[PDB]
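For reference, the structure discussed in these notes is given below.
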Amino acid sequence: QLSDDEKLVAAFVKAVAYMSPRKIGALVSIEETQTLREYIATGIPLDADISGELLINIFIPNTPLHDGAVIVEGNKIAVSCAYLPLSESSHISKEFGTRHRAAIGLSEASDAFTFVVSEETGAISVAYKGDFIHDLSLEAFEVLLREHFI
Amino acid sequence: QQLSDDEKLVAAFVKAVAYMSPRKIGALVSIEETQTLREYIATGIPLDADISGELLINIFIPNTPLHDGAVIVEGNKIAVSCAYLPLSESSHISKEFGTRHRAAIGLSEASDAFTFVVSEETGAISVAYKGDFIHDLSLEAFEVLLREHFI
Ligand SMILES: Nc1ncnc2c1ncn2[C@@H]1O[C@H](COP(=O)(O)O)[C@@H](O)[C@H]1O
Ligand SMILES: [Cl-]
Ligand SMILES: [Cl-]
């Protein structure tokens, strides 16, 4: 449980360390106090143990599980391919695509913690409670996850 | 009345090989029957995942972290990927058949598990069960065998 939180952080760090330098797009949302049941209902059920390796395999481009969001519930990957509400806010830079607007939209509609890897640039970003943090370093991503989840 | 576990299993396997065979994506999938596969499951990466054709496909995409080794199904879950199975020590195995096939055949000597393979060389779908090896099944043949065995 404390060790489960450290495995969660390590899984996310391994996945983003693989995907970011390969510019593999990724979108991962973690449930907090507000249920994500309605978005989980839109995805393919996995109910899978969390590991960096499984997160990488999910997001490999042009594969059946890659398109849409992974939603983490507790210590399980609940689903992949979930459809998240887009943000209609105009303050979103033009260069930020669908994945980023999906993450931002969920962070305006829930207290879920979402991170993105850009398929255009490999930039790592976080969307949480209406704040959007662009282009984190891997070390910064890790310490932010640790502070939030450990 | 929703689709039974057995119907979902058959559909998952059929969808997966239907995708991997034409693409010549190698695959190795073993299903536990009455004899526990616990010692082989211990060698794999824990997934404990719901069975879907989509997940099986994503596991075996070439040059990915989960694609090497065997997937082992236990009950209605994908227990592990990347598992090690016993390689067949037999010498009456054609030189056409590589290590995935020898692993499938080996496990079918050591247990009553049902294993199927997709060849990365030809895309051929094959089954290894109770020491017998059935090469190059059609998709229809594969499905009917799965139904006769699992339903
Ligand atoms: N003992 C084994 N059990 C399960 N899979 C294996 C085993 N040995 C090799 N493989 C896999 O068989 C495939 C072909 O092996 P190779 O011909 O050595 O490239 C690769 O995915 C290997 O990881
Ligand atoms: Cl980003
Ligand atoms: Cl930073």
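Residue numbering restarts at 1 for every chain, and letters A, B, ... go by the order of the sequence lines. What you see below is based on every heavy atom in this structure, not just the backbone, and it leaves out hydrogens, waters and symmetry mates.
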Please table the atom pairs, donor to acceptor, closer than 3.5 Å between any side-chain atom in residues 14-27 of chain A and protein atoms at least two apart or in another chain.
residue: A/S20; atom: OG; partner: A/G122; partner atom: O; Å: 2.5
residue: A/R22; atom: NH1; partner: A/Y18; partner atom: O; Å: 3.0

Does [X] reach the main-chain N or O of [Y] with its side chain, forming a donor-acceptor pair under 3.5 Å?
X     : Y     : value
B/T64 : B/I61 : yes
B/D5  : B/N76 : no
A/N57 : B/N58 : yes

Cluster link [X] to [Y], ILVMFWY, side chain under 4.5 Å:
X      : Y      : result
A/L138 : A/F115 : yes
A/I56  : A/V116 : no
A/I71  : A/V126 : no
B/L145 : B/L9   : yes
A/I40  : A/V70  : no

Sequence neighbours left out, what passes salt bridge (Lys or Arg N to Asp or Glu O under 4.0 Å) with [X]? Give chain and number order.
X      : value
A/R101 : none
A/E53  : none
B/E120 : B/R100
B/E7   : B/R147

Of all the heavy-atom pairs spanning [X] and [Y], show the shortest one and how long it is.
X      : Y      : result
B/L137 : B/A141 : CD2-CB, 3.6 Å
B/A128 : B/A104 : CB-O, 3.6 Å
A/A11  : A/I50  : CB-CG2, 3.8 Å

Under 3.5 Å, side-chain donor or acceptor atoms of residues 77-89 of chain A against the rest of the protein: list the pairs with distances, not counting sequence neighbours.
residue: A/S87; atom: OG; partner: A/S89; partner atom: N; Å: 3.2
residue: A/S87; atom: OG; partner: A/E108; partner atom: OE1; Å: 3.1
residue: A/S89; atom: OG; partner: A/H91; partner atom: N; Å: 3.2

CA sep, side-chain torsions, deciding dist, call: B/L37, B/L107, side-chain contact (heavy atoms from CB on, under 4.5 Å): CA-CA 10 Å; B/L37 298 187; B/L107 180 68; 4.2 Å; yes

Any non-hydrogen side-chain atom of [X] less than 4.5 Å from a side-chain atom of [Y]?
X     : Y      : answer
B/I93 : B/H101 : no
A/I30 : A/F149 : yes
A/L46 : A/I58  : yes

Counterpart residues, side-chain contact (heavy atoms from CB on, under 4.5 Å), relative to [X] (two or more places apart):
X      : value
B/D48  : A/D49, A/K76, B/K77
A/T33  : A/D111
B/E140 : B/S138

Pairs touching residues 116-137 of chain A that satisfy ring-ring contact (aromatic ring centres under 6.0 Å, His included), sequence neighbours left out: A/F96-A/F132, A/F96-A/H134, A/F113-A/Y128, A/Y128-A/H148

Sequence neighbours excluded, every pair satisfying ring-ring contact (aromatic ring centres under 6.0 Å, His included) that has a member inside residues 20-76 of chain B: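 Checked against ring-ring contact (aromatic ring centres under 6.0 Å, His included) - neighbours excluded - no pair reaches residues 20-76 of chain B.
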
More than 12 heavy atoms of other groups within 6.0 Å of B/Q35 CD: yes

CD/A/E95: more than 12 non-hydrogen atoms of other groups inside 6.0 Å: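 Enclosed.
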
To the nearest 0.5 Å, what is the distance between [atom1] on [X] and [atom2] on [Y]?
X      : Y      : atom1 : atom2 : value
A/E73  : A/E32  : CD    : CD    : 12.5 Å
B/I125 : B/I134 : CD1   : CD1   : 12.5 Å
B/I151 : B/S4   : CD1   : OG    : 5.0 Å
B/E32  : B/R38  : CD    : CZ    : 7.5 Å

Residues clustered with A/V143, ILVMFWY side-chain links under 4.5 angstrom: none

